[PDB]
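Counting starts at 1 for both ligands and their atoms, in listed order. What's counted below: heavy atoms across the whole structure, side chains too, no hydrogens, waters or symmetry copies. In this chain, numbering begins with 1 at the start of the sequence shown.
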Amino acid sequence: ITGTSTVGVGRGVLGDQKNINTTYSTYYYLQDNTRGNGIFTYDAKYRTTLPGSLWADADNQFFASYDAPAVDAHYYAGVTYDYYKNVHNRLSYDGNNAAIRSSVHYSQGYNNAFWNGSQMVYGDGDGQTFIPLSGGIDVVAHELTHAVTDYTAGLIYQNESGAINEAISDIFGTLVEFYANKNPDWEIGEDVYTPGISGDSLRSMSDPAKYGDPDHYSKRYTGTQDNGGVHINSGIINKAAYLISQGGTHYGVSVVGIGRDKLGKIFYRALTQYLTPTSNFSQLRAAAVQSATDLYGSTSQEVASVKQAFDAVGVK
Ligand SMILES: [Ca+2]
Ligand SMILES: [Ca+2]
Ligand SMILES: [Ca+2]
Ligand SMILES: [Ca+2]
Ligand SMILES: [Zn+2]
């Protein structure tokens, strides 16, 4: 809506205090006018009609328990916006400062979050398996990144292309987490998963097999569940991504790590310039190798490390 830009303050899902950009027009709305064509956060009010109502607040103070998921969806959308702009020179998910809209309090006890083709959706979790999923910055950036992929490579959400789609989202989800530099790791969802259990997460990039996900192609899932295993076989690519950045020996293959930033540049370039809707794992290897060549030279350590990594996960 039309109004004046101001700055609110509140607490997120983890009890942390943060400022948020809002818009005043009788009420203070969760509308951030400082990023592109705006960031907009809505209340689905425990129902599943979307997007719901633009979040309105009377005093610009968001310290109510009900406010927390909105605070974080709004804030971490902004962090994710900042990451794509400052690091990859990318203006929102479509590259042309599309408005980023989020809805929270989706359904009742909804243990998930997603991008629905046009916006972000966040459940509150049932309080046992999950707390409000917008509490996880990797979760927020994971889903926003599906918006980026859909507008770029267009990787079809199934089988290998689908598993690449998922890995890409786990990759930048993680890089945005490190970018915010708050308890960063190579795990996914740990901030909001199983509040009653420490140390766990939905997935691990550094060791997929800790949750039963493959870390080698020869261990790939070929059934038809989970759209052919997109959240399973993603472990093979996540593992490769982890290796390129952090290095290691995996099934006897040594990888020289090149760090997060170079991982980020190679996979972004791959994502936006070489991958296509039907790309398979072998094709991703080729795209990554070419991105690193483009970026660092065919004789670079970088290109070599990319090859090592895909080698280690059995992807030729
Ligand atoms: Ca208030
Ligand atoms: Ca973390
Ligand atoms: Ca994480
Ligand atoms: Ca937990
Ligand atoms: Zn996903």
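Shown are the protein N/O/S atoms under 3.0 Å from the Ca ion (ligand 1), given by residue and atom: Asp57 OD1, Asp57 OD2, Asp59 OD1, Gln61 O.
The Ca ion (ligand 4) lies at the vertex of an angle of 150° between the O atom of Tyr193 and the O atom of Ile197 (rounded to 10°). Vertex the Ca ion (ligand 3); arms to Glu177 OE2 and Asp138 OD2; angle rounded to 10 degrees, 120°. Remark: at the Ca ion (ligand 3), atom O from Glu187 and atom OE2 from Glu190 enclose 130°, rounded to the nearest 10 degrees.
Distances from the Ca ion (ligand 4) show that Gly196 has no N/O/S atom below 3.0 Å. Between the Ca ion (ligand 4) and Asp200 there is an N/O/S contact shorter than 3.0 Å. Residue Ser201 does not count as close to the Ca ion (ligand 4), with no N, O or S atom under 3.0 Å. At a cut-off of 3.0 Å, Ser198 does not coordinate the Ca ion (ligand 4) through any N, O or S atom.
A salt bridge links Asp294 with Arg269: at least one charged nitrogen is closer than 4.0 Å to a carboxylate oxygen. A salt bridge links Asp72 to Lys18: at least one charged side-chain nitrogen sits closer than 4.0 Å to a carboxylate oxygen. Ion pair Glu166/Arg203 flagged as a salt bridge, since at least one NZ, NE, NH1 or NH2 atom sits closer than 4.0 Å to an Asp/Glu carboxylate oxygen. Under the 4.0 Å criterion applied to side-chain N and carboxylate O atoms, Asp213 and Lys219 are not assigned as salt-bridge partners.
When each of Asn97, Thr34, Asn86 is paired with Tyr81, the side chain to side chain donor-acceptor pair (under 3.5 Å) condition holds for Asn97 and for no other.
Taken from CD1 in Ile244 to CD1 in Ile266, the straight-line distance is 6.5 Å, to the nearest 0.5 Å.
Side-chain atoms of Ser254 and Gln308 include no donor-acceptor pair closer than 3.5 Å. Donor-acceptor pairing under 3.5 Å is lacking for the side chains of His74 and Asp32.
Under the 3.5 Å distance criterion, the side-chain polar atoms of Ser161 are left unmatched by any main-chain donor or acceptor of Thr278. When atom types are taken as modelled, the side chain of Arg90 and the backbone of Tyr93 share a donor-acceptor pair closer than 3.5 angstrom.
Within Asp185, the N, O or S atom at minimum distance from the Ca ion (ligand 3) carries the name OD1.
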